[PDB]
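In the text below, chain A, chain B and the rest are named by the order of the sequence lines, each starting its count at 1. Atoms considered below: every heavy atom in the structure, side chains included; atoms not considered: hydrogens, waters and symmetry mates.
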Amino acid sequence: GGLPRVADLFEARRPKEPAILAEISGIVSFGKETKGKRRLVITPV
DNA sequence: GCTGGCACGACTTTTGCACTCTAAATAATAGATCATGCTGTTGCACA
(Lines give C-alpha, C1' and ligand atoms only; values in the text may rest on other atoms or scores of the structure.)
Protein backbone atom coordinates (compact mmCIF):
# COMPACT_ATOMS: atom_id res chain seq x y z
CA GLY A 1 0.00 0.00 0.00
CA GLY A 2 1.28 3.41 1.03
CA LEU A 3 1.68 6.04 -1.58
CA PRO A 4 4.40 4.81 -3.83
CA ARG A 5 1.34 3.05 -5.26
CA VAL A 6 -0.43 6.04 -6.74
CA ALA A 7 2.70 6.25 -8.88
CA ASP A 8 2.47 2.52 -9.63
CA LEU A 9 -1.17 2.79 -10.71
CA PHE A 10 -0.52 5.80 -12.95
CA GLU A 11 2.61 4.22 -14.42
CA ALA A 12 0.47 1.17 -15.34
CA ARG A 13 3.11 -1.23 -14.03
CA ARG A 14 2.28 -4.92 -14.24
CA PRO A 15 2.24 -6.95 -11.01
CA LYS A 16 4.57 -9.86 -10.30
CA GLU A 17 1.77 -12.48 -10.30
CA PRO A 18 -0.98 -11.34 -12.68
CA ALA A 19 -4.30 -13.16 -12.79
CA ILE A 20 -4.92 -14.89 -16.12
CA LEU A 21 -8.35 -14.38 -17.67
CA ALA A 22 -10.29 -16.19 -20.38
CA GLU A 23 -12.51 -15.57 -23.41
CA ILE A 24 -16.21 -15.79 -24.27
CA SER A 25 -16.49 -19.59 -23.85
CA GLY A 26 -13.88 -21.11 -21.55
CA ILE A 27 -14.72 -24.79 -21.93
CA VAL A 28 -12.77 -27.20 -19.74
CA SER A 29 -9.79 -28.72 -21.53
CA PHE A 30 -7.07 -29.10 -18.84
CA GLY A 31 -3.87 -29.88 -20.74
CA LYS A 32 -3.01 -30.26 -24.43
CA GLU A 33 0.55 -31.35 -25.28
CA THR A 34 1.88 -29.51 -22.23
CA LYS A 35 5.20 -31.41 -22.01
CA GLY A 36 8.18 -29.44 -20.72
CA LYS A 37 6.99 -25.97 -21.71
CA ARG A 38 4.78 -24.66 -18.90
CA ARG A 39 1.90 -27.03 -18.08
CA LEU A 40 -1.86 -27.48 -18.43
CA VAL A 41 -2.36 -26.09 -21.95
CA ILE A 42 -6.04 -25.14 -21.82
CA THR A 43 -7.90 -25.41 -25.15
CA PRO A 44 -11.41 -23.98 -24.78
CA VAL A 45 -13.12 -24.82 -28.08
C1' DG B 1 66.51 89.32 -33.11
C1' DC B 2 64.12 85.54 -30.24
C1' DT B 3 60.90 81.56 -30.13
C1' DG B 4 57.66 77.57 -31.32
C1' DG B 5 55.33 74.02 -33.91
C1' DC B 6 55.97 71.34 -39.09
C1' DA B 7 58.94 67.58 -42.57
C1' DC B 8 63.12 64.35 -43.87
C1' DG B 9 66.90 60.38 -43.92
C1' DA B 10 68.55 56.98 -41.50
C1' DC B 11 67.55 53.45 -37.79
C1' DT B 12 64.10 50.61 -35.08
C1' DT B 13 60.06 48.12 -34.27
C1' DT B 14 56.14 45.24 -35.77
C1' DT B 15 54.14 41.42 -38.50
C1' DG B 16 52.32 37.49 -41.34
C1' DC B 17 54.76 33.12 -43.27
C1' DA B 18 56.45 29.71 -40.99
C1' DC B 19 57.47 25.09 -39.61
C1' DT B 20 58.26 23.15 -34.12
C1' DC B 21 59.07 19.05 -30.48
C1' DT B 22 55.46 8.13 -17.47
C1' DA B 23 54.49 4.94 -13.30
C1' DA B 24 51.07 6.88 -10.39
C1' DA B 25 47.54 7.31 -8.51
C1' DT B 26 42.96 7.88 -7.61
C1' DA B 27 38.18 6.19 -6.51
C1' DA B 28 35.59 2.66 -5.28
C1' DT B 29 31.93 1.30 -0.61
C1' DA B 30 26.70 3.10 0.36
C1' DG B 31 20.19 4.78 -4.20
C1' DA B 32 17.38 2.47 -5.87
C1' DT B 33 14.31 1.75 -9.50
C1' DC B 34 12.66 0.81 -13.97
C1' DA B 35 12.90 -0.04 -19.18
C1' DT B 36 15.18 -2.09 -23.14
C1' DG B 37 18.27 -4.59 -26.04
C1' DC B 38 21.89 -8.42 -26.72
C1' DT B 39 23.41 -13.09 -25.93
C1' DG B 40 23.44 -17.73 -24.35
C1' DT B 41 20.16 -21.72 -22.91
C1' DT B 42 16.37 -24.76 -23.60
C1' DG B 43 11.67 -26.74 -25.11
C1' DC B 44 9.31 -28.05 -29.43
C1' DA B 45 8.40 -29.95 -33.94
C1' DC B 46 10.43 -32.04 -38.47
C1' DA B 47 13.15 -35.26 -42.26
Side-chain angles (χ1 to χ4, degrees), chain A residues 1-2 4-29 31 34 36 40-44:
Chain A
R5 185 186 204 279
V6 178
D8 267 359
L9 286 164
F10 281 135
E11 286 298 325
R13 298 201 209 290
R14 317 192 73 251
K16 303 318 316 153
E17 208 260 314
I20 51 196
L21 321 180
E23 274 75 8
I24 298 286
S25 175
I27 318 179
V28 46
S29 179
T34 80
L40 268 166
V41 174
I42 295 207
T43 312

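Contacts of A:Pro15 classified as side chain to side chain contact (heavy atoms under 4.5 Å, CB included), with partners at least two apart in sequence or in another chain: A:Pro18.
Of all heavy-atom pairs spanning A:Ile42 and A:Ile27, the tightest one is CG2-O, 4.4 Å. The minimum heavy-atom distance between A:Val41 and A:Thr34, with the atom names listed, is N-CG2, 3.4 Å. The minimum heavy-atom distance linking A:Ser25 with A:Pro44 is given by the pair O-CB, 3.4 Å.
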